[PDB]
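The structure appears below as structure tokens.
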Amino acid sequence: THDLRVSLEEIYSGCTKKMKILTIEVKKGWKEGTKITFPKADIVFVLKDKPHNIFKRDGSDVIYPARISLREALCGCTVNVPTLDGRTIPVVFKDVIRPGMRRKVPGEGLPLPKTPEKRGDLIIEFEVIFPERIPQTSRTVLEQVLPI
Amino acid sequence: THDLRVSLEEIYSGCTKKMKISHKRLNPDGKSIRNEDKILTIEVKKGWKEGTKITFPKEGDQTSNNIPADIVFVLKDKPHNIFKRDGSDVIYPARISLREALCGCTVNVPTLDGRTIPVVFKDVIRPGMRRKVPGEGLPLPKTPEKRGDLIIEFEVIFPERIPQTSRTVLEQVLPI
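Line order of the protein sequences matches chains A and B. Going left to right, the first sequence walks through residues 165 to 185, 204 to 222, 233 to 340 as UniProt numbering numbers them. Sequential numbering from 165 applies to the second sequence in UniProt numbering.
This is the structure we're talking about:
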């Protein structure tokens with residue numbers, strides 16, 4: 165049993181992996215756990241998602257962590273979401289964003305493996321960054337404008 | 165395999181549960197089968213974990229000329245509306261306003277034995293922040309004299325909406 169470590173990009177487009185023990207054809211959208219047998233003692237491979245530095249994979253969806261300031265959360269925010277093929281899409285938020293809020297960007301996920309012309313979604317997942325400290329001056333004003 | 169649902173309070177102090185079960189029994193005629201109720205008594209010890217198994221030998225069904233089957237209870241944590249169990253720790257969700265998170269607040273932490281412990285926060289509280297209250301958890305089952313911790317876990321509640329005049333002001337005081 166041998167682990168086959170595939171990046172998100174390789175799941176998205178599909179690829180050829182030449183293994184030096204042997205050629206494996208990774209079909210687009212294939213999910214961690216997919217087994218790829220060889221007659222050559234039967235050497236069986238198993239598909240594993242390599243960690244990605246932009247997205248967390250969730251089936252055929254990908255999650256994009258958006259770290260925004262509290263100021264943006266409360267007052268208005270544009271997230272320029274990166275795509276799997278390296279463009280960005282501007283998504284404009286005019287309402288209050290809450291900690292952990294998600295927003296679907298439909299069709300911007302990975303191809304579904306059985307129907308690869310169809311894609312999952314890209315899911316923005318908000319992390320709201322609080323200030324490290326508030327000066328007394330600011331505290332006073334926050335007390336006037338925010339609900340108890 | 166039957167579920168034995170036990171409250172956090174019952175795990176905290178221990179308890180004696182009495183479970184009414186019904187089992188099948190071959191009648192004296194060897195033909196017909198009856199259904200009868202039996203009440204089994206289970207002592208739940210301080211700190212027992214979910215998954216703990218309690219076996220009542222030969223207290224299950226008998227539809228045959230042999231020794232009746234077994235009943236196995238599996239301890240399950242009954243959902244609690246105030247705390248979440250985390251091993252020997254209990255987690256306490258503390259829902260506070262954005263105002264309290266930024267400006268300071270006191271959390272009156274309820275305990276398993278029904279006190280509150282006031283805990284005062286002067287610094288910014290972040291979404292998801294935890295604060296430990298040592299020793300206010302559940303008894304460690306192997307050393308029931310010792311206890312886990314009570315953990316405060318913050319949920320910060322944002323305003324639904326913010327008027328333009330408030331936005332103008334928050335833009336002046338909150339860092340970019």
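All C-beta atoms in this analysis are idealised placements derived from N, C-alpha and C, irrespective of residue type, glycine included.
Worksheet item: Quick one, which residues of the stretch 258–285 of chain B are near chain A if we go by CB-CB under 9 Å, in chain order?
Response: 261, 262, 263, 264, 265, 266, 267 and 268
Worksheet item: What residues from chain B crowd round residue 291 of chain A, counting only those whose CB sits closer than 7 Å?
Response: As a position in the first sequence, residue 291 of chain A is number 99, starting the count at 1. Those within 7 Å of residue 291 of chain A in chain B are 291 and 320.
Item to complete: Consider the Cβ of residue 324 of chain B: report whether some Cβ of chain A lies at a distance smaller than 8 Å.
Response: Taking the first residue of the second sequence as 1, we reach residue 324 of chain B at position 160. Judged by the 8 Å Cβ criterion, residue 324 of chain B is in contact with chain A.
Worksheet item: Would residue 295 of chain B count as contacting chain C if we go by Cβ distances under 8 Å?
Response: The chain inventory of the structure shown lacks chain C, comprising the protein chains A and B.
Item to complete: State the beta-bridge partners of residue 337 of chain A as determined by DSSP.
Response: What you label residue 337 of chain A is simply residue 145 of the first sequence in a count that begins at 1. Beta-bridge pairing links residue 337 of chain A to no other residue.
Discussion item. Quick check: the Cα distance between residue 290 of chain B and residue 337 of chain A, rounded to an integer number of angstroms?
Written reply: Numbered from 1 along the second sequence, position 126 holds the residue referred to as residue 290 of chain B. Numbered from 1 along the first sequence, position 145 holds the residue referred to as residue 337 of chain A. If I take the Cα positions, the gap works out to 19 Å.
Worksheet entry | Own chain residues within Cβ distance below 7 Å of residue 178 of chain A, not counting five before or after | Counting from one through the first sequence, the residue named residue 178 of chain A turns up at place 14. 208, 209 and 210, listed in sequence order.
Worksheet item: Are residue 247 of chain B and residue 172 of chain B touching if we call contact CB-CB under 8 Å?
Response: Against the second sequence, residue 247 of chain B aligns to sequence position 83. Against the second sequence, residue 172 of chain B aligns to sequence position 8. Yes; because the gap between Cβ atoms is below 8 Å, this pair is in contact.
Worksheet item: From this set, B/245, B/284 and B/327, which residue's C-alpha is nearest residue 295 of chain B's C-alpha?
Response: What you label residue 295 of chain B is simply residue 131 of the second sequence in a count that begins at 1. Taking only the C-alpha atoms, the option nearest residue 295 of chain B is B/284.
Practice prompt. Excluding the 5 residues preceding and the 5 following residue 275 of chain B in the sequence, name in chain order all residues of the same chain whose CB lies nearer than 8 Å to its CB.
Written response: Position 111 of the second sequence, counted from the first residue, corresponds to residue 275 of chain B. The residues are 281, 300 and 314.
Worksheet item: Out of curiosity, what's the CA-to-CA distance linking residue 266 of chain A and residue 206 of chain A?
Response: Here the question's residue 266 of chain A lines up with position 74 in the first sequence. Here the question's residue 206 of chain A lines up with position 24 in the first sequence. Spanning the two alpha carbons is a distance of roughly 49 Å.
Discussion item. Taking 8 Å as the limit between beta carbons, can you name the residues of its chain near residue 304 of chain B, skipping five residues before and five after?
Written reply: To locate residue 304 of chain B, count along the second sequence from 1; it is residue 140. Once the five neighbours on either side are set aside, the close Cβ partners of residue 304 of chain B are 211, 252, 310, 311 and 312.
Practice prompt. Could you work out which residue in B/302, B/308, B/257 and B/316 is closest to residue 241 of chain B when comparing CA atoms only?
Written response: Position 77 of the second sequence, counting from 1, holds the residue named residue 241 of chain B. Residue 241 of chain B has its Cα closest to that of B/302, out of B/302, B/308, B/257 and B/316.
Item to complete: Kindly provide the ranges of any beta strand (DSSP E) runs that are 3 or more residues long and lie completely inside the stretch 301–337 of chain A, ordered along the chain.
Response: 314–321
Discussion item. Just verifying my parser: in three-state terms, what is the DSSP assignment at residue 231 of chain B?
Written reply: For the purposes of this step, residue 231 of chain B is taken as residue 67 along the second sequence, with counting starting at 1. Three-state result, residue 231 of chain B: coil.
Item to complete: With a threshold of 16 other CB atoms inside 10 Å of the CB of residue 264 of chain A, please say whether the residue is buried or exposed.
Response: Counting from 1 along the first sequence, the entry for residue 264 of chain A is found at position 72. By the 10 Å Cβ count, residue 264 of chain A comes out buried.
Fill in: Within-8 Å CB hit, residue 317 of chain B to chain A
As a first step, residue 317 of chain B is located in the second sequence; it is residue number 153 there, counting from the start. So, not an interface residue.
Worksheet item: Going along chain A in order, which residues have a C-beta closer than 7 Å to the C-beta of residue 255 of chain B?
Response: By 1-based counting over the second sequence, the position of residue 255 of chain B is 91. Chain A residues near residue 255 of chain B: none, gap ~17 Å exceeds 7 Å.
Worksheet item: Hey, residue 288 of chain A and residue 318 of chain B: beta-carbon distance below 8 Å or not?
Response: Counting from one through the first sequence, the residue named residue 288 of chain A turns up at place 96. Counting from one through the second sequence, the residue named residue 318 of chain B turns up at place 154. No, these two residues do not count as a Cβ contact at 8 Å.
Fill in: Three-state secondary structure assigned by DSSP to residue 196 of chain B
Residue mapping note: residue 196 of chain B aligns to position 32 of the second sequence, counting from 1. Reduced to three states, the DSSP call for residue 196 of chain B is coil.
Practice prompt. Tell me, please, which residues DSSP counts as bridged to residue 180 of chain A.
Written response: Here residue 180 of chain A corresponds to residue number 16 of the first sequence, with the count starting at 1. BP columns for residue 180 of chain A point to A/207.
Practice prompt. Just the C-alpha distance for residue 221 of chain A and residue 234 of chain B, rounded to the nearest angstrom, thanks.
Written response: Counted from its first residue, the first sequence places residue 221 of chain A at position 39. Counted from its first residue, the second sequence places residue 234 of chain B at position 70. Each residue's Cα considered, the two are about 47 Å apart.
Fill in: Under 7 Å by beta carbon: chain B residues contacting residue 249 of chain A
Along the first sequence, read from residue 1 onward, the residue named residue 249 of chain A stands at position 57. Those within 7 Å of residue 249 of chain A in chain B number zero; the least Cβ separation is about 23 Å.
Worksheet entry | Given residue 307 of chain A as reference, the closest of A/166, A/176, A/165 and A/170 once Cα atoms are compared | In the first sequence, residue 307 of chain A corresponds to position 115, counting from 1. Nearest option by C-alpha distance: A/176.
Discussion item. Once DSSP output is grouped into helix, strand and coil, what is the label at residue 218 of chain A?
Written reply: For the purposes of this step, residue 218 of chain A is identified with residue 36 of the first sequence, where counting begins at 1. In the structure shown, residue 218 of chain A sits in a strand (DSSP, three-state: E or B).
Worksheet item: For residue 262 of chain A versus residue 333 of chain A, is the C-beta spacing smaller than 8 Å?
Response: For the purposes of this step, residue 262 of chain A is identified with residue 70 of the first sequence, where counting begins at 1. For the purposes of this step, residue 333 of chain A is identified with residue 141 of the first sequence, where counting begins at 1. Result no, Cβ atoms of residue 262 of chain A and residue 333 of chain A do not sit closer than 8 Å.
Practice prompt. Quick one: give me the first and last residue of the beta strand (DSSP E) that residue 239 of chain A is part of.
Written response: Sequence index remark: in the first sequence, residue 239 of chain A carries index 47 (1-based). Note, residue 239 of chain A: beta strand (DSSP E), 236–241.
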